[PDB]
Amino acid sequence: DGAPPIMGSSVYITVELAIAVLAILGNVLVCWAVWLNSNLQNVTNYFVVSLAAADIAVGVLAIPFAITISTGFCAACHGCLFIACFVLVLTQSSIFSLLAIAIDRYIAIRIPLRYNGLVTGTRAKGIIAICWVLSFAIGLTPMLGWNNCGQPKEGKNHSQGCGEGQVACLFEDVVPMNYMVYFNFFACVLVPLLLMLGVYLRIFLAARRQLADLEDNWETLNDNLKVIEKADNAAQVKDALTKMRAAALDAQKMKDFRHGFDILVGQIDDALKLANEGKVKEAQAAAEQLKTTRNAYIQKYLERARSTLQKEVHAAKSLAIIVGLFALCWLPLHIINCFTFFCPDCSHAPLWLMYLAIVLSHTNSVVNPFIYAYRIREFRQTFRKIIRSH
Ligand SMILES: CC(C)CCC[C@@H](C)[C@H]1CC[C@H]2[C@@H]3CC=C4C[C@@H](O)CC[C@]4(C)[C@H]3CC[C@]12C
Ligand SMILES: CC(C)CCC[C@@H](C)[C@H]1CC[C@H]2[C@@H]3CC=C4C[C@@H](O)CC[C@]4(C)[C@H]3CC[C@]12C
Ligand SMILES: CC(C)CCC[C@@H](C)[C@H]1CC[C@H]2[C@@H]3CC=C4C[C@@H](O)CC[C@]4(C)[C@H]3CC[C@]12C
Ligand SMILES: Nc1nc(NCCc2ccc(O)cc2)nc2nc(-c3ccco3)nn12
């Protein structure tokens, strides 16, 4: 009469324990790397530490809770709710952490000269504390009354041998599907994910527009120099230098680059004064000495600004993979709940698929340290130093 339940149960428990060990070790290493390396002690990494803490808690608490809830043991319904809903608190803390990293990177690309004064460590710690408080409120909403404890499965409870106030502790019997689909999936997971997608698109658009603008100014400085060399009128040299001066002051918006631009503006003002006095050849020769400033200062500034923007793109690509990996690990479990709720004429997904979807969502607490080690050089080197010594 069907295979013994302990056979498939033993497979699930061994696999979950294997995930718990890898979720603890890997994320402990992340926290430790940020702790000892001062180069990783930025506001961006305080949210990654919060994300690493939620993943440590998955291995220490959410997985032992998941193994417990699969037995269907008799328990007080509110206690059963805490066992089933605690993982939702950790998941909600993870989406807030991911959303804060995305906004932080958008502030760093849109207003870098205002980033340090706006995004401070003390303000970051305050955001994390408020977000952990809200994660508890959202994740434990069934404990406030939105649960099936009021309407228990009397048949399954008497067969299990449960006493007064006790229920056969099974997730789908205590947590309502309308909460899981509408409140937890649609409003608390899907809406913030779509927002993160929007924010990352705005980061890639800003970097592209800014890079195109740097090349536009560089071309304007070169093609206008060619116009002066080919000029035969006092107006032609004046019109080319006026457009050159506007590009020089726009690109101006360490002290070596600030000084380098002041000599360039100074040389343009020298040639423009000669152009207004009618001296065509003296203005052309004065505009030729701009080539010396271009090679010694302007080319070095353009190259430095380009590398910083390329570094920001590569960094935003790495953190976007993290958001994609969270979606890939949590969407199957969310999509099966949609089928259970919206399709009552459809057969319930098989038990093996349910526990495969639960296992896949838990492997997300193992992947992040690998992405840091493969995509972020600063994390990779700190990991190597910790492992080699200790
Ligand atoms: C954060 C650290 C200290 C761990 C917290 C302790 C955990 C393991 C405790 C706190 C509250 C506890 C639950 C409280 C109520 C019940 C109802 C009872 O009929 C069965 C056990 C059960 C379901 C408990 C299981 C263990 C539990 C979840
Ligand atoms: C990886 C993510 C992004 C893609 C989503 C793929 C998964 C979740 C989807 C695609 C096909 C789906 C299955 C198609 C058919 C059925 C039969 C129905 O009676 C119950 C649900 C069930 C068993 C579906 C469960 C969810 C399912 C396995
Ligand atoms: C990645 C995000 C933006 C897209 C995911 C949209 C989700 C919510 C979609 C994708 C496929 C959809 C399902 C496709 C099939 C069915 C069978 C139907 O009888 C009831 C609705 C139901 C169960 C759909 C519910 C919503 C669903 C799970
Ligand atoms: N639907 C569901 N079920 C379970 N576990 C119970 C699996 C099950 C379902 C039906 C059954 O007859 C016996 C066992 N955990 C679950 N976790 C989640 C979840 C967490 C976050 C998003 O979805 N949904 N979810």
# chains A, B, ... in the order shown; residues from 1 in each chain; ligands from 1

call {"tool": "closest_atom_pairs", "arguments": {"of": "region 111-206 of chain A", "to": "region 55-70 of chain A", "cutoff": "12 Å", "atoms": "only C-alpha atoms", "output": "JSON lines"}}
result
{"residue": "A:167", "atom": "CA", "partner": "A:69", "partner_atom": "CA", "distance": 11.5}
{"residue": "A:168", "atom": "CA", "partner": "A:69", "partner_atom": "CA", "distance": 9.2}
{"residue": "A:169", "atom": "CA", "partner": "A:69", "partner_atom": "CA", "distance": 6.0}
{"residue": "A:170", "atom": "CA", "partner": "A:69", "partner_atom": "CA", "distance": 5.9}
{"residue": "A:171", "atom": "CA", "partner": "A:69", "partner_atom": "CA", "distance": 6.9}
{"residue": "A:172", "atom": "CA", "partner": "A:69", "partner_atom": "CA", "distance": 10.5}
{"residue": "A:173", "atom": "CA", "partner": "A:69", "partner_atom": "CA", "distance": 11.0}
{"residue": "A:174", "atom": "CA", "partner": "A:69", "partner_atom": "CA", "distance": 10.8}

call {"tool": "write_last_selection", "arguments": {"atoms": "N, CA, C and O atoms", "output": "short mmCIF file (atom, residue, chain, number, x, y, z; two decimals), in the first residue's frame"}}
result
data_model
loop_
_atom_site.label_atom_id
_atom_site.label_comp_id
_atom_site.auth_asym_id
_atom_site.auth_seq_id
_atom_site.Cartn_x
_atom_site.Cartn_y
_atom_site.Cartn_z
N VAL A 167 -3.13 20.53 16.18
CA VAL A 167 -3.36 20.28 14.76
C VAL A 167 -2.19 19.46 14.19
O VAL A 167 -1.07 19.59 14.68
N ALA A 168 -2.46 18.65 13.15
CA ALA A 168 -1.42 17.90 12.43
C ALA A 168 -0.66 19.00 11.67
O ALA A 168 -1.20 19.60 10.75
N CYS A 169 0.53 19.35 12.17
CA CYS A 169 1.35 20.44 11.64
C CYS A 169 1.84 20.20 10.21
O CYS A 169 2.91 19.63 9.98
N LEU A 170 1.02 20.68 9.24
CA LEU A 170 1.27 20.64 7.79
C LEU A 170 1.02 22.03 7.22
O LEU A 170 -0.04 22.61 7.48
N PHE A 171 2.00 22.56 6.46
CA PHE A 171 2.01 23.91 5.88
C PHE A 171 0.68 24.31 5.21
O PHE A 171 0.14 25.36 5.56
N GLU A 172 0.18 23.50 4.25
CA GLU A 172 -1.04 23.84 3.50
C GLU A 172 -2.33 23.76 4.35
O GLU A 172 -3.36 24.30 3.93
N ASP A 173 -2.25 23.16 5.54
CA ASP A 173 -3.40 23.06 6.44
C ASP A 173 -3.48 24.27 7.39
O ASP A 173 -4.57 24.57 7.89
N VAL A 174 -2.36 24.97 7.65
CA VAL A 174 -2.38 26.09 8.60
C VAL A 174 -2.22 27.47 7.93
O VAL A 174 -2.79 28.45 8.42
#

call {"tool": "residues_around", "arguments": {"residues": "residue 95 (chain A)", "least_positions_apart": "2", "cutoff": "8 Å", "atoms": "only C-alpha atoms", "output": "tab-separated table (two decimals) with C-alpha atoms, in the first residue's frame"}}
result
chain	number	residue	atom	x	y	z
A	91	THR	CA	12.91	35.81	2.59
A	92	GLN	CA	11.37	39.31	3.17
A	93	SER	CA	14.61	40.50	4.85
A	97	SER	CA	18.47	43.93	1.36
A	98	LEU	CA	18.56	43.34	-2.45
A	99	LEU	CA	16.35	46.45	-3.06
A	189	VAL	CA	7.96	39.38	-3.57
A	192	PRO	CA	9.81	44.50	-5.22
A	193	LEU	CA	11.49	42.20	-7.82

call {"tool": "residues_around", "arguments": {"residues": "residue 50 (chain A)", "least_positions_apart": "3", "cutoff": "12 Å", "atoms": "only C-alpha atoms", "output": "PyMOL selection string"}}
result
chain A and resi 27-28+30-31+34+43-47+53-57+90-98+100-101+124-125+127-129+131-132

call {"tool": "select_by_dssp", "arguments": {"residues": "region 140-381 of chain A", "states": "alpha helix (DSSP H)", "output": "PyMOL selection string"}}
result
chain A and resi 154-160+171-174+177-178+191-230+234-252+255-276+280-288+290-293+299-342+351-362+364-375+377-381

call {"tool": "atom_distance", "arguments": {"atom1": "CA of residue 86 (chain A)", "atom2": "CA of residue 351 (chain A)"}}
result
21.8 Å

call {"tool": "residues_around", "arguments": {"residues": "residue 372 (chain A)", "least_positions_apart": "6", "cutoff": "12 Å", "atoms": "only C-alpha atoms", "output": "short mmCIF file (atom, residue, chain, number, x, y, z; two decimals) with C-alpha atoms, in the first residue's frame"}}
result
data_model
loop_
_atom_site.label_atom_id
_atom_site.label_comp_id
_atom_site.auth_asym_id
_atom_site.auth_seq_id
_atom_site.Cartn_x
_atom_site.Cartn_y
_atom_site.Cartn_z
CA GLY A 26 29.85 30.12 3.01
CA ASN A 27 27.95 33.06 4.53
CA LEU A 29 33.11 33.48 5.39
CA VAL A 30 31.38 36.53 3.76
CA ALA A 33 35.79 38.91 5.06
CA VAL A 34 33.86 42.19 5.50
CA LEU A 40 34.96 45.86 1.96
CA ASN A 45 28.50 45.65 1.82
CA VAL A 48 25.28 42.18 1.82
CA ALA A 52 24.49 36.88 4.57
CA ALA A 315 29.63 45.61 -10.43
CA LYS A 317 25.96 43.10 -13.53
CA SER A 318 27.32 40.94 -10.60
CA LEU A 319 24.60 42.18 -8.13
CA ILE A 321 22.90 38.02 -11.18
CA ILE A 322 22.20 37.71 -7.38
CA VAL A 366 24.44 28.73 -0.68
CA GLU A 378 38.23 42.21 -3.40
CA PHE A 379 36.04 39.36 -1.91
CA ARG A 380 38.04 36.61 -3.75
CA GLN A 381 41.41 37.82 -2.37
CA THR A 382 40.02 38.16 1.22
CA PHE A 383 38.52 34.62 0.96
#

call {"tool": "residues_near_ligand", "arguments": {"ligand": "ligand 3", "cutoff": "6 Å", "atoms": "only C-alpha atoms and all ligand atoms", "output": "list in words"}}
result
residues 335, 338, 339, 342 and 343 of chain A

call {"tool": "write_last_selection", "arguments": {"atoms": "N, CA and C atoms", "output": "mmCIF file, in the first residue's frame"}}
result
data_model
loop_
_atom_site.group_PDB
_atom_site.id
_atom_site.type_symbol
_atom_site.label_atom_id
_atom_site.label_comp_id
_atom_site.auth_asym_id
_atom_site.auth_seq_id
_atom_site.Cartn_x
_atom_site.Cartn_y
_atom_site.Cartn_z
ATOM 1 N N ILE A 335 5.024 29.600 -8.039
ATOM 2 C CA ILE A 335 4.204 29.235 -9.201
ATOM 3 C C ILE A 335 3.329 27.993 -8.882
ATOM 4 N N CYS A 338 0.347 29.202 -6.931
ATOM 5 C CA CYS A 338 -0.585 29.831 -7.875
ATOM 6 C C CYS A 338 -1.492 28.763 -8.506
ATOM 7 N N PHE A 339 -0.924 27.596 -8.889
ATOM 8 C CA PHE A 339 -1.674 26.482 -9.491
ATOM 9 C C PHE A 339 -2.661 25.856 -8.493
ATOM 10 N N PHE A 342 -5.395 28.942 -7.898
ATOM 11 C CA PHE A 342 -6.187 29.339 -9.054
ATOM 12 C C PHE A 342 -6.800 28.171 -9.820
ATOM 13 N N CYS A 343 -6.198 26.947 -9.782
ATOM 14 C CA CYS A 343 -6.746 25.789 -10.512
ATOM 15 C C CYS A 343 -7.271 24.701 -9.545
#

call {"tool": "closest_residue", "arguments": {"among": "A:275, A:214, A:320, A:76", "to": "residue 247 (chain A)", "atoms": "only C-alpha atoms"}}
result
A:214

call {"tool": "closest_residue", "arguments": {"among": "A:332, A:142, A:155, A:344", "to": "ligand 2", "atoms": "only C-alpha atoms and all ligand atoms"}}
result
A:332
